[PDB]
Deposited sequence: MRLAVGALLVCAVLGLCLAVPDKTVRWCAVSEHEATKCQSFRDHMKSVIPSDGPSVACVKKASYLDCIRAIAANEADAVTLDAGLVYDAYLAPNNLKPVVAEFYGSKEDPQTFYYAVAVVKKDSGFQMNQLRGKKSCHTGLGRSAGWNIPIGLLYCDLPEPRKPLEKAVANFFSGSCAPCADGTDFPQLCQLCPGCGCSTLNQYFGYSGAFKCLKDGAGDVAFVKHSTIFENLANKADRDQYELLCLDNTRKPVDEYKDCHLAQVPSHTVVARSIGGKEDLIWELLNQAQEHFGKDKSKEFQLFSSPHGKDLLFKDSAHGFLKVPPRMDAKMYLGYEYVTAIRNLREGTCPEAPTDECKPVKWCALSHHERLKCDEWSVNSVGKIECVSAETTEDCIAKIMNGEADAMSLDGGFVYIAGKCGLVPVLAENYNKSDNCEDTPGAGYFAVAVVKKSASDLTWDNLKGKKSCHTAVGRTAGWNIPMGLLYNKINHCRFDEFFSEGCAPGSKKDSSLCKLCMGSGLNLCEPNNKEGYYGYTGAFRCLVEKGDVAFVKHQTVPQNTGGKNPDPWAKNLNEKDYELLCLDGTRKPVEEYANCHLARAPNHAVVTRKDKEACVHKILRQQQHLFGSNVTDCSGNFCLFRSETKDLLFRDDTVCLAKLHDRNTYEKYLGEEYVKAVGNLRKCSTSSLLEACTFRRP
């Protein structure tokens, strides 16, 4: 049946679950979804019941979202409660470390400072900061309060054991666990900072705004970023200890009924949600507060499919709570490289052994899966087209090293010379060949500039037909692709018109125009490419389209290009930046131009001589450049990316 077994953890919850079930029966057709109510003793029993296939769904705080994803439960987030509005939905809060302007210390210098905590046991004010700080704490690290009391010179930790650890109540004698304590709760711990008692205050992004109405006052405060720099208090999105989901419905990963759950809760919110004012109300109960959902919720949002627990919680949160849960601290260490194929994996393997392990290897099925592994620490680095750096960026990773091949490569529009009528100005109703959608040369530049002419990104209705791997299988821009069966129109090397070369091949065989890079025609003409399609081609038979409306020969790309290409680039997490720079330059200043593939273009492109420091352009926005970014923002209206949908769900 189309039935969601909801798990309750109390008699009151079970009663609301039953009223829920009975009221849904009135609003939903026989073919629609229904509720069953299962009552357990605790959130952990509910997690186990759901994993046992005795229940389907429960709503959890972020600590329990974490418990629920660990084996053997293997549960994941499927629906989010949201608070206030739509344009701004407040699905998450941010744990931040607030400090005074000019106190002159960074996160890696908290040892010896005076800390303000909302309350011992609370997330923003204790579990996250002490989680992150866990391994800077002095041995022995158990009992944990003792070790915290031995790290901050003094603190106000509400509800800590002041009697056995007085240092923790220096700033609030007694450690009062109630509002009768002036330094308790979010405003308490902030007040503790303001009133000059302490140096740092572990609170949420929003506390300072709730407690200081005038910008002038807030300008006297900053945030500690995990990168050991500071930022103003309204830049919390880029400077926080952890991003925290407020209330999260979870299911089984495999066969969890995610879709029924969403269908149920969505019709549940249209009929019974905020301000719908029926006798039954999803977000309150005469039986008690916060039953089955927070009473403060304004609705539900579907969790994007690509999302797992580790990505929903995010790197920073998992790090903090995994330290807290496991309590495991160590002794630069290996760079885990991510391979996209058996060819990349064998190359990476031989790199590992010819480098004393200073390089380890971990492989995944697509670029997006690899990126997702770098986000969450299963992996550390991989080199990416401009288009994928944008995604890796929106997903919170930074570029460290660019690939160099001599400002980098040039995106050019190639035509067959004989069709001399063809011009950049009018390609309407002509046949296009792109490397893949969301790549620099193939799409983001060409279609970038194109979007500007036609105020829309529905390109399968500008071009007659084409080959643009990563397009929807039933699009006019998959009709020229050459892969057979499931591989037709895939953006991997099982589709022969994939990449710079494929797209040129596409032009040779089927299309009018190919969007590729300046050295692509030369490398696959004159016999340099021996493959049947390329072998007998002559460079002279191909021209480039120039912006002004004219044409020029291939080798004349200097004055006939569409735009300069952001070079391909290695990317990693901010916490790995330093170490990737160190170990790759120590690998390339040994195995550089002393980058060769048993196949072709493995790991890094084969025409790659050195890996350049970026100096100051170590952000996706500063590395890709202002104009490249505007373009992709224009193109994401029509983008089909499952990772970016997940990443932008956590950061619009």
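Gaps between the deposited sequence and the modelled structure occur at positions 1 to 21, 353 to 357, 433 to 442, 631 to 640.
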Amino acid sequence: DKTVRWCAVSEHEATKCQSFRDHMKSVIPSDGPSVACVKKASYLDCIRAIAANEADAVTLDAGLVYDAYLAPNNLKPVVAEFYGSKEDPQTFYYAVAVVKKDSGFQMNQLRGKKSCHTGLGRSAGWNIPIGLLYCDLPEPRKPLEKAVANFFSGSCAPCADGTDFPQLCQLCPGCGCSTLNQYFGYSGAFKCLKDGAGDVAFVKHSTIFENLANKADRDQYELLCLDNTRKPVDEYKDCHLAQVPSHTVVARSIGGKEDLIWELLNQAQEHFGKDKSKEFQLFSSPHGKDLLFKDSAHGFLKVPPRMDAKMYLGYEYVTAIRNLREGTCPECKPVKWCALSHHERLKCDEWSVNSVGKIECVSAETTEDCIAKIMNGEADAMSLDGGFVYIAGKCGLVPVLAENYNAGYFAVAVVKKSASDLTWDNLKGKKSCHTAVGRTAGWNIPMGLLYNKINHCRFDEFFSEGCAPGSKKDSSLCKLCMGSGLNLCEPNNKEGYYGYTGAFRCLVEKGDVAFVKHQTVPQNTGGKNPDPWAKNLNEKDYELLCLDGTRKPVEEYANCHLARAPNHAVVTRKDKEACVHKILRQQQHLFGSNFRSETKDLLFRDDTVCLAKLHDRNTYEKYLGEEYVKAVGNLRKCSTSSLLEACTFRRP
From here on, numbers count along this sequence of modelled residues.
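Set 279 to 287 against 314 to 322 and average the Cα temperature factors; 279 to 287 ends up higher. Stretch comparison (548 to 556 versus 489 to 497) by mean CA B-factor in the PDB entry places 548 to 556 on top. Taking the deposited Cα B-factors for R306, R564, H247, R230, the highest one is held by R564. Within the listed group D421, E465, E263, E210, the record reports its top CA B-factor for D421.
Per the PDB record, residue ranking by Cα B-factor puts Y620 in the middle third of the chain.
Among all modelled residues in this chain, the alpha-carbon of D380 has a temperature factor (C-alpha) in the middle third. Among all modelled residues in its chain, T15 ranks in the middle third by Cα B-factor. When all modelled residues of the chain are sorted by CA temperature factor, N53 is found within the lowest third.
Sort the chain's modelled residues by C-alpha temperature factor and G386 lands in the highest third, per the entry.
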